[PDB]
Number of protein chains: 2
Amino acid sequence: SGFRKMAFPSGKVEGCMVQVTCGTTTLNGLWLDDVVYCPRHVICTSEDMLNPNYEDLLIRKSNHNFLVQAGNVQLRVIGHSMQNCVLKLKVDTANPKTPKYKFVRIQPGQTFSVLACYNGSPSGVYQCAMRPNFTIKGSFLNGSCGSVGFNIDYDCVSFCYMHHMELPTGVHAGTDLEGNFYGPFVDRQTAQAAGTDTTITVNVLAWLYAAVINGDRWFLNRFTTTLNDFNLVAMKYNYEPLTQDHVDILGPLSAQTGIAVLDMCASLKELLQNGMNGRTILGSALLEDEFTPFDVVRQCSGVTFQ
Amino acid sequence: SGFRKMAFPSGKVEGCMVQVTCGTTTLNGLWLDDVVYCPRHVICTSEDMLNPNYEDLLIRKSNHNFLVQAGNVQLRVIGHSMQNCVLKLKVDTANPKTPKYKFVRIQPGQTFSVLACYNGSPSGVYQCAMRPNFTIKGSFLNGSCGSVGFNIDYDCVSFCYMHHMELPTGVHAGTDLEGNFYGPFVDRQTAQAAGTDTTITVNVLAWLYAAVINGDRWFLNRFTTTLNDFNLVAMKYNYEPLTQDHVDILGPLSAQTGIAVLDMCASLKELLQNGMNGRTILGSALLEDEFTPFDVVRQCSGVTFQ
Ligand SMILES: *[C@](O)(C(=O)NC1CC1)[C@H](CCCC)NC(=O)[C@@H]1[C@@H]2[C@H](CN1C(=O)[C@@H](NC(=O)NC1(CS(=O)(=O)C(C)(C)C)CCCCC1)C(C)(C)C)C2(C)C
Ligand SMILES: *[C@](O)(C(=O)NC1CC1)[C@H](CCCC)NC(=O)[C@@H]1[C@@H]2[C@H](CN1C(=O)[C@@H](NC(=O)NC1(CS(=O)(=O)C(C)(C)C)CCCCC1)C(C)(C)C)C2(C)C
Ligand code: NA
């Protein structure tokens, strides 16, 4: 037993990280088959960032201006193109370590693993949620740009995130691997509206189910509620509305524990209204919302990967 | 910026995990050079566990009773020996993926990465501390036994933990890779004393330094204290005594922030006495104690690995 914020094993993704340099900027690229993907702002000077014209900056660059290094070994760049906010560098060698992969655009409230990298070398691995306002709460220093987020579906790596930039709140924005920003963000260093950071209600419930499965049961009560009554209380606390689809998604957890979703919602309502009275759930004093129902099922049933 | 509980990249360790079966028990082994290490209780029936005589159980077993599988491929066992609470299975093939490695016995308060595995297949990766009472707060289901804990020192993997058993509190006990239990534990299914779980004071301070570096500063105050006065307050809250060695170890963090350790101790004293008044530090409502000063420096300076 026990329940931890757990990342996917990073081996298949470690074999894909390279270093990409353009001028004085060094960051990370993703090497899959004969393409290296990296943030297009690798081409920018610190002045360019304020108001970049990426088409105009990119025109000044040739293949030989993109230095791509795989560990100690230099890769030959035979092509470059911009797709949305990523550069695709065509190299003359297919990555021999390319795993089975796809590019997926994740939904808000879904989780993924980040392999934080610096100079093309993996630093560490952690779990993130795509927040309802399309930010993530990561750990990214200077040099971490081009670090990727992924899920593993048995042997297949689904890449969903590339790291580009930091908001003033210290949260993180980036693109899918087609170079489309999550959320309203643009790769320019100017004031930009981030949404209210709402709590992923369905994830909080999943985690309460995890707690009960792991024998933390103090917050169970004699009460029930309705979707409509729960949602009236939740909206006041900036919780996402709970839907019948969410009830259905929690089915395995309600089935395993014998605790109806609406009864668990009654527990959550009391915890929101009363707080935790200095008590903890799975060693947390806050309601955790970065575990999906799938994450909980997965970790409470224990299925593995390639 | 941002600060997360981050594991080491798991690739070098994923290449070492195998499945080990003896009778009806399947668990995980660690394959390094031509040796597979696994918990000796792989040999036990469910009845044996109550009061096992491992020498007597092991005598009934031959090399051909230990089924060792590396992905789909069977390994030939040419020898077996017991060292303390681990079995060493000699196989006829050196693991071609053996990284540079050592076996280290970690100190209480030190952290490491766990690669949770089932049937020899890596499931996920998370960070643990060796608690002052020589337990860890992991995520381990049936099948997870033989899962290992490690640190990476550039290219060298230091293995420090093998998972064996769960305490009634839901925390975890296991051995170093020489098969010596951390703490007072023995591999028998009988009532066993676990120590009080004290907080790793030096780690809490490291994390407060991380918070200040990441701009969470609300808990800084106008006050200072002394080691002796801090320790009087801490002992009441089951915090480890703070020593001058701990002050010296925080040196890089005090140097980077310009905040004397004793001034940070003054902040911690107020947080212990007053609580957090519903506020959070690095998105936590509790004082985090599973980050070492090295972990904080590492993640706030960003150095990488092989
Ligand atoms: C990344 O490219 C990298 O690792 N570079 C290598 C060379 C070291 C780098 C990572 C920064 C620290 C994690 N990313 C960037 O430099 C991007 C690009 C330039 C500026 N930033 C960036 O992250 C900005 N943040 C930023 O501009 N954010 C906003 C504007 S803002 O923060 O509200 C403010 C107006 C500056 C106050 C714009 C984007 C949407 C969110 C807000 C900082 C360097 C200031 C952290 C690009 C092109 C955005
Ligand atoms: C592990 O071997 C494994 O993954 N096995 C494969 C086949 C599935 C397995 C993991 C268990 C769940 C994580 N480990 C064990 O089975 C060990 C071995 C037998 C029993 N346990 C074990 O973890 C016990 N816990 C246990 O006995 N703990 C105590 C005693 S106790 O919990 O206080 C009590 C008396 C039972 C109430 C003894 C060890 C020190 C801590 C306390 C449980 C199966 C009950 C979880 C071994 C030999 C210890
Ligand atoms: Na917390």
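Scoring rules and cut-offs
Sequence order sets the numbers: each chain starts from 1, possibly unlike the entry numbering, and residues with no coordinates are not included. Key to labels: chains lettered from A, ligands numbered from 1, both in the order written. The basis for every side-chain value is the complete set of non-hydrogen atoms in the structure, without hydrogens or water. Following DSSP output, two strands are said to pair if at least two bridges run between them. Numbering of helices and strands starts at the N terminus; helices are DSSP runs of H or I of at least 4 residues and strands are runs of E of at least 2. Axis geometry follows a simple rule: fit a line to the C-alpha atoms, using only the stretch in contact for helices, then measure angles between N-to-C directions, giving values from 0 to 180 degrees. Lining residues are defined by having an atom within 4 Å of a point belonging to a cavity or pocket. Those points lie on a 1 Å grid over the protein atoms alone, cavities being sets where a 1.4 Å probe fits but cannot get out and pockets being open sets with protein on both sides within 12 Å along at least five of seven lines. Grid points are joined across faces, edges and corners, and a volume is the space filled by probe spheres set on the points. Classification convention: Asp, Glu, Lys, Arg as charged; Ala, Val, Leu, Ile, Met, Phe, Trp, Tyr, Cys, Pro as nonpolar; all other residues, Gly among them, as polar. Salt bridges are identified by distance alone: a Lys or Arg side-chain nitrogen within 4 Å of an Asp or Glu carboxyl oxygen. For every residue, the accessible area obtained with a 1.4 Å probe (protein chains only) is divided by the maximum for its type, and the residue is called buried under 20%, exposed over 50%, and partly exposed between those limits. Think of it this way: one heavy atom of a residue within 4 Å of a molecule or strand is enough to make that residue near it. Polar contact is defined as a pair of N or O atoms within 3.5 Å, subject to the rule that within protein one atom must be able to donate a hydrogen and the other to accept it, and that residues adjacent in sequence are counted only when both atoms are side-chain atoms. Only the protein chains shown count as cover for residues, with accessible areas throughout obtained via the Shrake-Rupley method and a probe of 1.4 Å. Here the arc refers to the directions that run from the helix axis out to each C-beta atom. The criterion used for residue contact is that any of the two residues' heavy atoms lie within 4.5 Å. All copies share one frame, set by a least-squares fit on their C-alpha atoms.

- Method of determination, as annotated in the archive: X-ray crystallography, at 1.7900 Å resolution.

### A few points about the sheet that holds strand β2 (residues 25-32) of chain A
Residue and element names in this part refer to chain A.
So, step 1. As summarised here, the arrangement of the seven strands in space is β5-β4-β1-β2-β3-β7-β6, forming an open sheet in which the pairing is antiparallel. With one partner strand each, in any of the chains shown, β5 (73-75) and β6 (77-83) form the two edges of the open sheet. Strand-to-strand, the axes of this sheet are offset by a mean angle of 30°, without reference to chain direction.
So, step 2. Across six bridges, strand β1 (residues 17-22) lies against β2 in antiparallel orientation. Bridging from a neighbouring strand, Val18 pairs with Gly29 of β2.

### Considering empty space enclosed by the protein
Empty pockets left among the atoms are what a rolling probe the size of a water molecule brings to light.
So, step 1. This structure, assessed with the given rule, holds one cavity of 30 Å³ or more.
So, step 2. Considered class by class, the residues forming the lining of the largest cavity number three nonpolar, four polar and no charged.

### What about the sheet that holds strand β7 (residues 86-91) of chain B?
Residues and elements named next belong to chain B.
So, step 1. Reading across from one edge, β5-β4-β1-β2-β3-β7-β6 is the order of the seven strands in this open sheet, with antiparallel pairing throughout. On the outer flanks of this sheet lie β5 (73-75) and β6 (77-83), each paired with one strand and no other. Averaged over all neighbouring strand pairs, the angle between strand axes comes to 30°, with direction disregarded.
So, step 2. Here β6 pairs with β7 via six bridges, running antiparallel. Each residue of the ladder has a partner; that of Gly79, found in β7, is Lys90.

### Describing the pattern of salt bridges
All names here are of chain A.
So, step 1. Within this structure, the stated rule accounts for 22 salt bridges over all chains.
So, step 2. Between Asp92 and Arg76 there is a salt bridge; the shortest N-O distance is 3.9 Å. A residue pair is termed long-range when its members are at least 10 positions apart, and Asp92 in the loop between β7 (86-91) and β8 (101-103) and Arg76 in the loop between β5 and β6 qualify at 16 residues.
So, step 3. Since its relative accessible area comes to 44%, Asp92 is described here as partly exposed.
So, step 4. When its relative accessible area of 58% is taken as the criterion, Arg76 is described as exposed.
So, step 5. A salt bridge links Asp197 to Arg131, with the shortest nitrogen-to-oxygen separation between them at 2.8 Å. Of this pair, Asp197 sits in the loop between β13 (172-175) and α3 (201-213) while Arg131 sits in the loop between β10 (121-129) and β11 (148-153), and the two are 66 residues apart along the sequence.
So, step 6. Among the residues examined, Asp197 registers a relative accessible area of 30% and is labelled partly exposed.
So, step 7. Salt bridges linked by common partners bring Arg131, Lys137, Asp197, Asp289 and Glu290 together as one network.

### Some words on the site of ligand 2
All names here are of chain B.
So, step 1. Residues in contact with ligand 2 amount to 23 residues; listed here are only the nearest, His41, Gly143, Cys145, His164 and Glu166.
So, step 2. Here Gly143 contributes a backbone N or O atom positioned 2.9 Å from an oxygen atom of ligand 2.
So, step 3. One nitrogen or oxygen atom from the main chain of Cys145 is found 2.9 Å from an oxygen atom belonging to ligand 2.
So, step 4. Top contributing element to the shell around ligand 2 by residue count: strand β12 (residues 156-166), with three residues.

### Describing the site of ligand 1
Residues and elements named next belong to chain A.
So, step 1. Taken together, 23 residues surround ligand 1, and among them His41, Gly143, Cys145, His164 and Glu166 come closest.
So, step 2. Between ligand 1 and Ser144 there is a distance of 3.1 Å, counted from an oxygen atom to a backbone nitrogen or oxygen.
So, step 3. At a separation of 2.9 Å, a nitrogen atom of ligand 1 approaches a polar backbone atom of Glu166.
So, step 4. A total of 930 Å² of accessible area belongs to ligand 1 in isolation, and the protein chains cover 77% of it.
So, step 5. Secondary-structure elements contributing two or more residues to the shell around ligand 1 are β2 and β12 (156-166).

### Regarding helix α4 (residues 227-236) of chain A
Residue and element names in this part refer to chain A.
So, step 1. Where α4 is concerned, the buried positions are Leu227, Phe230, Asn231, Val233 and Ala234. Buried residues in α4, looked at end-on, bunch into an arc of 165°, giving them a common side. In α4, those exposed residues whose orientation departs by more than 90 degrees from the buried face are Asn228, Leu232, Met235 and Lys236.
So, step 2. If you follow the buried residues of α4, they end up packed against α3, α5 (244-249) and α7 (261-274).
So, step 3. Once α4 ends, the next one or two residues include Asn238, with phi positive near 60°.

### Considerations on the relation of the copies chain B and chain A
So, step 1. Between the two copies, chain B and chain A, the superposition gives an RMSD of 0.0 Å; the rotation angle is 180° and the shift along the axis is 0.0 Å. The superposition of one copy onto the other is thereby described by a two-fold rotation axis. Proximity to the rotation axis, assessed at the C-alpha, singles out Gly11 of chain B in chain B; its C-alpha lies 1.8 Å from the axis.
So, step 2. A high fraction, 100%, of the interface residues of chain B reappear at the interface in chain A, so the copies pair face to face through one surface.

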